[PDB]
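Where a number appears in this text, it was derived from the coordinates with a stated rule and is not lab data. Backbone-built Cβ (ideal geometry, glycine too); neighbour counts: all protein chains shown.
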Amino acid sequence: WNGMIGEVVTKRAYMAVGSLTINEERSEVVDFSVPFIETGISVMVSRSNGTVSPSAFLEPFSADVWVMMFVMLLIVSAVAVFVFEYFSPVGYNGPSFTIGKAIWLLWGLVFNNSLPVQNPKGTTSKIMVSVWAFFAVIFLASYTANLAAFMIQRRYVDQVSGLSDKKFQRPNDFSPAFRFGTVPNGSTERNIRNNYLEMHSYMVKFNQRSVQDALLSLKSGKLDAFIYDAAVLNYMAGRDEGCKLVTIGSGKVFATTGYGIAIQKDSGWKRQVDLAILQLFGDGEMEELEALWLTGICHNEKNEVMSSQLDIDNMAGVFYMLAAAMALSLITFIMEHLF
Amino acid sequence: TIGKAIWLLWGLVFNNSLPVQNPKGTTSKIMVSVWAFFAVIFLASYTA
Amino acid sequence: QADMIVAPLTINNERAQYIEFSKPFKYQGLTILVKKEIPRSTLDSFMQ
Amino acid sequence: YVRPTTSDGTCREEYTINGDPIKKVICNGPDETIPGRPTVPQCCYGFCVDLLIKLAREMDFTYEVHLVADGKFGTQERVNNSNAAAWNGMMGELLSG
Amino acid sequence: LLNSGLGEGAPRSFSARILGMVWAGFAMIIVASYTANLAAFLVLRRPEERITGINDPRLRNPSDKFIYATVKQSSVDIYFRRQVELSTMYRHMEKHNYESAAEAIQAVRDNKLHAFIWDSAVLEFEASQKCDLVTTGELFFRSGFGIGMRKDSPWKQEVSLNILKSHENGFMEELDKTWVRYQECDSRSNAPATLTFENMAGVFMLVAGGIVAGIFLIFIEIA
Amino acid sequence: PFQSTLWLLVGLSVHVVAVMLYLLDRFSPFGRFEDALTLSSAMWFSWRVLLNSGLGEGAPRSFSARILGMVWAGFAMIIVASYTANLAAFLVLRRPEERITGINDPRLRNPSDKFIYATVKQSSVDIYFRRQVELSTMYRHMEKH
Ligand SMILES: N[C@@H](CCC(=O)O)C(=O)O
């Protein structure tokens, strides 16, 4: 072992501070005590795995507006056809001709006029067209207001319930490039090295140097993911110039640790020193120093992300449903041609 | 054609309302389609 | 009859002044939020 | 508000945007364009001027307004000026002469 | 007005043309105002009856009608005893408190108490289990929960190494992963389209009333 | 907010429906003249249901064009209602994406060389920053320049 910790072995440093996370190596070569602040290993970018946001058009339906619309179409078509469309005792093709035109008339009234088709003669049917048109404009107003109100809500990349995903085992999964790394010669290199051999062997080819180079790489577009300490990510992401990138979630990180001190031989104060830390929580200095030195710039409740519109992936899905209806109409055309 | 044209355009601006009729030339149908697109865009910007 | 406590107890100077304690495994704070209520109507027959 | 005297007479007479005559007083002040500090007779008018006119008409007395130049910080004797003593000549700023 | 379509002619007179133009404009005004009030109802202003953040100003001021009853005889009394800052509230919050946790958690949900002062440790479990409460975002007055042993016990270093190795391999991620169930609600205004069917049914019953009224109309017609 | 390839796909769907209306009913092969009949009429139907137009001469009798016109009108309502929702979301323009804080800006206590908080030199602000004792570490930074 070498570095600054050797100063504790050479009897040239009775006590030392800094970024010293408690773990087995520091507690193995020398002694330890209680950390004053907590931290851990975290990712600079959010937990999304490059997943595309889902569609927001079929979400308000939830397989309910189409089913209830079909049932209402059946009862409205039936009760609407057994009142004035069936006046004389006819055969089976009689009411069917009024049903085929009635469903197209109602469909024309739902989707905002579209096709006037025609109009009957009875005034009660005209009143029914007026009421159905009122339900059509009310359903349209509630559809545009509900869809817009749902669009104003949070629809950005949502966090997933998977920490160790495909990028922690096999590197050849994602076809587009996705670079990720950390600063060598540290606790993260030995922890990830002892926990994930593939991530280390695939990570040594992408190494950093400092923090400004990583910020320039993430700002330009050279680096994709960045994994480092939680405190450096809170101060780095906190002191941002545009408040674009954000950490994973809002404070839920793995591997809980903290920055502590290291002494040579347990013979002086030590214990009382720990009580000194216990005095800090008794004086409220953690809030003043936390809001004074540990603070940043982007501290305006980072919980919602909104911008412009992503890959019409939703309209592409609606187009896929239109292709499914096209195939259904093709099979229907085959069944019609077979007869 | 002006008296019916202004009423047709007024019908297209306020969302169909009355279909009235439609001529035969395809250029008038294309211009009516563009006027309907600008009409529903103006309606969307008006409601928003 | 007690040798070691597995309950997540707090760490203070009055308690740790006469006994040795280990490092905490989870740092959590105190909150004052109880519950929230969202006002809405279930029937919703407009004209309100 | 300090405004230079137009032509070679007294102040410029005007009105406000609500229908009320504005009063101006005579005030001698320097100029920032010329490197020197000459006695430039100008006309002052504003909130403190109207307040000075009100306090001047509510009490039977005469006054004379004058513009102050540079030196608006109490004059803190901190620059080493020859290794000698000093004396308070500002701070409050009211007793010059 | 109701936007209907037949197709049999058009008003040739200019008076009915201008009247129909201003009438269609009035229809667009009332439907655009109705839709605007619908969107204004969706969002809601609500942004009221919320909390403060790291320190609620209502805690420093004493209140008789809104008692902040907390857990009696616990770590909160030691925290309120070893402090010096909030000393004008320990006398008010010292009296009228419950010495049981289930009585307080059951009291704040069974309409009894106004509020409670307790850590989010049990709050996140009872809120993530009973689906009746919700936690906040900030965590003011942070504390640590450790294990205390005797000073003459040499096993504290071995157990400490077992805790460190237990947090280095990933066993804590399995415990917290299998003991923290992420259940549904996260904010008071995050999903405004989870109902819909009731809001549409409340008008559907009026549509059925219009169908019965239509049966009355055809009853007048056949008469 | 959306690339031109999306509208190109919308027009591509118009071509798919246009050739679909000709593929359904039987007619004759026609690359002989300039203007057709069922092709121009089918295009007038596609632009009639998509952009919501209205003529009055009849109605499609076949059920295939009925279902295709129903799902096509539904797609039109989806794109115009979704586009309206994108317009309202564009006019929401909610994003103060900026601010000072309130009674005490945390950026004032933290020193910064790229955003200098210059003030009036030699005035009452120097006396206020001199008689204080709280924010004393910033008097050296704000004292110069
Ligand atoms: N504290 C670490 C550096 C920060 C990190 O863990 O990334 C070390 O001294 O090696």
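Once you have the alpha carbon radius of gyration of the range A:74-215, what is it after dividing by 2.2 N^0.38 Å, with N set to its residue count?
Working it through for the range A:74-215, the quotient is 2.23.
Pairing the Cα long axis of helix A:65-81 with the longest principal axis of chain A, what angle in degrees results, from 0 to 90 and rounded to the nearest 10?
Result, in degrees: 10.
Provide the per-residue ³J(HN,Hα) series for the range A:125-138, in order, calculated from phi with Karplus coefficients 6.51, -1.76, 1.60 and θ = phi - 60°, each as a whole number of Hz, with x at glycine and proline positions.
Karplus-based 3J(HN,Hα) across the range A:125-138 equals 5, 5, 5, 5, 5, 5, 5, 5, 6, 5, 5, 6, 6, 6 Hz.
Provide the three semi-axes, in whole Å and in decreasing order, of the ellipsoid equivalent to chain A as defined by the square roots of 5 times the Cα gyration tensor eigenvalues.
Gyration-tensor ellipsoid for chain A: 68, 24, 16 Å.
Ordered by packing density, taken as the mean number of other Cβ atoms within 10 Å over each peptide's residues, highest first, how do A:311-320, E:90-99 rank?
A:311-320, E:90-99
When the C-alpha atoms of the range A:262-316 are aligned to their principal axes, what extent does each axis show, in angstrom, from largest down?
Largest to smallest, the principal-axis extents are 71, 25, 15 Å.
Need the list of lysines near residue F:121 for cross-linking: C-alpha distance under 23 angstrom, and skip anything on the same chain fewer than eight residues off.
D:72, F:144
What is the Rg over Rh value, at two decimals, for the range F:8-70, using alpha-carbon atoms and the Kirkwood definition of Rh? Write down the numbers at each step before the final one.
On the way: Rg = 12.0 Å, Rh = 12.6 Å.
Here the Rg-to-Rh quotient is 0.95.
Which listed residue (A:278, D:5, A:115) has the Cα farthest towards the positive end of the charge dipole for the protein assembly as shown, taking +1 on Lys and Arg C-beta and -1 on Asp and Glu C-beta about the Cα centre?
Positive-end residue among those listed: A:115.
In whole Hz, what ³J(HN,Hα) sequence does the range E:164-172 give by Karplus (6.51, -1.76, 1.60; θ = phi - 60°), x for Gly and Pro?
Coupling constants for the range E:164-172: 4, 5, 6, 8, 8, 6, x, 6, 5 Hz.
Can you give the log10 of the normalised intensity I(q)/I(0) at q = 0.04 Å⁻¹, computed with Debye over equal Cα scatterers of the protein assembly as shown?
-0.34
At each listed q (0.16, 0.21 Å⁻¹), what is the log10 of I(q)/I(0) that the Debye formula gives for the range E:148-223 modelled as equal alpha-carbon point scatterers?
For the requested q values the scattering log ratios are -0.85, -1.00.
Rounded to the nearest 20 debye, what is the charge dipole size of chain E about its Cα centre when +1 sits on each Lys and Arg Cβ and -1 on each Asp and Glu Cβ?
620
Determine ³J(HN,Hα), in whole Hz, for all residues of the range E:78-87 in sequence, where each value follows from phi through the Karplus function 6.51 cos²θ - 1.76 cosθ + 1.60 and θ = phi - 60°; x replaces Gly and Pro.
In residue order, the calculated couplings are 5, 5, 6, 9, 7, 7, 8, 5, 7, 9 Hz.
I'd like the FRET efficiency for residue E:223 and residue E:19, computed as 1/(1 + (r/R0)^6) with the beta carbon distance as r and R0 of 35 Å, rounded to 0.05.
In this case the efficiency is close to 0.55.
Roughly how big is the protein assembly as shown's charge dipole about its Cα centre, with Cβ charges of +1 (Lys, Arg) and -1 (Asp, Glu), in debye to the nearest 20?
On the way: 84 positive and 86 negative charges, 281 e Å.
Here the protein assembly as shown has a charge dipole of around 1340 debye.
What's the average, rounded to a whole number, of partner chain beta-carbon atoms within 10 Å of each residue's beta-carbon in E:39-52?
4
Looking at A:199, A:220, A:300, which one has the Cα that reaches farthest to the positive end of the dipole of the range A:185-330 (charges on Cβ: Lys, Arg +1; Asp, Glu -1)?
Towards the positive end, the residue furthest out is A:199.
Determine the shielding of peptide B:7-15 by partner chains: average, over its residues, the number of Cβ atoms on other chains within 10 angstrom of each Cβ. Could the numbers behind the result be given before it?
Numbers: counts 9, 2, 0, 6, 5, 3, 4, 10, 9.
Mean inter-chain Cβ contacts per residue within 10 Å come to 5.
Using Cα centres only, tell me the gap between chain B and the range D:45-67 in whole Å.
The distance from the Cα centre of chain B to that of the range D:45-67 comes to 71 Å.
Two decimals is fine: what's Rg over Rh for chain D, C-alpha atoms, Kirkwood radius as Rh? Working shown, then result.
Values: Rg = 18.2 Å, Rh = 16.8 Å.
Here the Rg-to-Rh quotient is 1.08.
Would you please give the residues with an amide H less than 5 Å from that of residue E:98, counting only those at least 5 places away or on a separate chain, with H modeled from the backbone geometry?
The list, which skips near neighbours in sequence, is E:70, E:72.
Under 4 °C and 1.567 mPa s, how fast does chain C diffuse according to Stokes-Einstein, given a Kirkwood radius computed over C-alpha pairs? Answer in µm²/s, whole number.
Values: Rh = 16.3 Å.
Answer from the Stokes-Einstein relation: 79 µm²/s.
Helix A:93-110 versus the longest principal axis of chain A: what angle, 0 to 90°, nearest 10, using Cα atoms?
Between the helix axis and the principal axis of chain A, the angle is about 40 degrees.
Counting partner chain Cβ atoms within 10 Å of every residue's Cβ in A:311-323, what's the average?
Average per residue, whole number: 4.
How about the range E:162-223: which chymotrypsin sites (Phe, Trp or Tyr not before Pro) there lie in a loop by DSSP and see at most 14 other Cβ atoms within 10 Å?
Numbers: sites: E:171, E:179, E:182, E:197, E:204, E:216, E:219; in loops: E:182.
Here the chymotrypsin sites (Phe, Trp or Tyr not before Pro) that fit, given the DSSP loop and packing criteria, are E:182.
First select every other residue whose beta carbon is under 14 angstrom from the beta carbon of residue F:89; then total the charges, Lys and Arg +1, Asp and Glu -1.
Net of charged neighbours comes to +3.
Past 19 Å, Cα to Cα: identify those pairs from A:252/A:302; A:166/E:165; A:270/E:151; A:252/C:35; A:302/C:35; A:244/A:302, in the order given.
Beyond 19 Å between Cα atoms: A:166/E:165; A:252/C:35; A:302/C:35.
Please give the contour-minus-distance gain from residue A:73 to residue A:10: 0.36 nm per residue of separation, less the Cα-Cα distance, rounded to one decimal in nm.
That pair, residue A:73 and residue A:10, stretches by 14.0 nm at full extension.
To the nearest Å, what is the center-to-center distance of the range E:6-45 and the range A:278-339, using C-alpha atoms only?
Using only Cα atoms, the two centres lie 36 Å from each other.
Would you mind checking the radius of gyration and Dmax of the range A:84-135 based on alpha-carbon positions, in Å?
For the range A:84-135, the Cα-based Rg and Dmax read 11.8, 34 Å.
Evaluate the charge dipole of chain A about its Cα centre and quote only its size in Debye, nearest 20, assuming +1 on the Cβ of each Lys and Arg and -1 on the Cβ of each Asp and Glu.
It comes to approximately 740 debye.
Amide H neighbours of residue D:75 under 5 Å, counting only residues 5+ apart in sequence or on other chains, H built in-plane at 1.01 Å?
Excluding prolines and chain starts, which carry no amide H, the hits are D:91.
Run the Debye formula on the Cα coordinates of chain E, all scatterers equal and no solvent, and tell me log10 I(q)/I(0) at q = 0.08, 0.09, 0.17 1/Å.
So the normalised log intensities work out to -0.62, -0.71, -1.41.
When the helices in chain F are scored as -39500 (n - 2.57) per DSSP H run of 4 or longer and the sum is shared across all residues, what 222 nm value do you end up with, to the nearest 500 deg cm²/dmol?
Details: 6 runs with 81 residues, N = 145.
So the helix-based figure for chain F works out to -18000 deg cm²/dmol.
Put +1 on the Cβ of every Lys and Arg and -1 on every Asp and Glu Cβ in the protein assembly as shown; which of A:319, E:28, E:18 then has its Cα farthest towards the positive end of the dipole?
It is E:18, whose Cα lies furthest towards the positive end.
Distance between Cα centroids, the range A:126-184 to the range F:102-145: provide it in whole Å.
One Cα centre to the other: 47 Å.
Given the C-alpha atoms of the range E:26-65, compute the convex hull and give its volume per residue in Å³.
Taking only Cα atoms, the range E:26-65 has a hull volume of 104 Å³ per residue.
Helix D:47-57: angle to the longest alpha-carbon principal axis of chain D, degrees 0 to 90, nearest 10?
80
With each run of n ≥ 4 DSSP H residues scored as -39500 (n - 2.57), what mean residue ellipticity at 222 nm is computed for chain B after dividing by its residue count and rounding to the nearest 500 deg cm²/dmol?
Counting only the DSSP helices, I get -23500 deg cm²/dmol.
Quote the convex hull volume per residue of chain F, based on C-alpha atoms, as a whole number of Å³.
Working: hull volume 34.0 nm³, N = 145.
Once divided by residue count, the hull of chain F is 235 Å³.
Order the peptides D:6-13, A:234-241 from the highest to the lowest mean number of other Cβ atoms within 10 Å of their residues.
Packing proxy ranking, top to bottom: A:234-241, D:6-13.
Out of every Cα pair in the range A:1-71, what percent are spaced more than 21 Å from each other? Before the final figure, lay out each step's value.
On the way: 1473 of 2485 pairs.
Beyond 21 Å sits 59 percent of the P(r) for the range A:1-71.
Hey, could you pull the Cα Rg and Dmax for the range E:130-170, both in Å?
16.5, 46
Using a Förster distance of 41 Å, how high is the FRET efficiency between residue A:29 and residue F:118, based on the Cβ-Cβ distance and rounded to 0.05?
Rounded to the nearest 0.05, the efficiency is 0.25.
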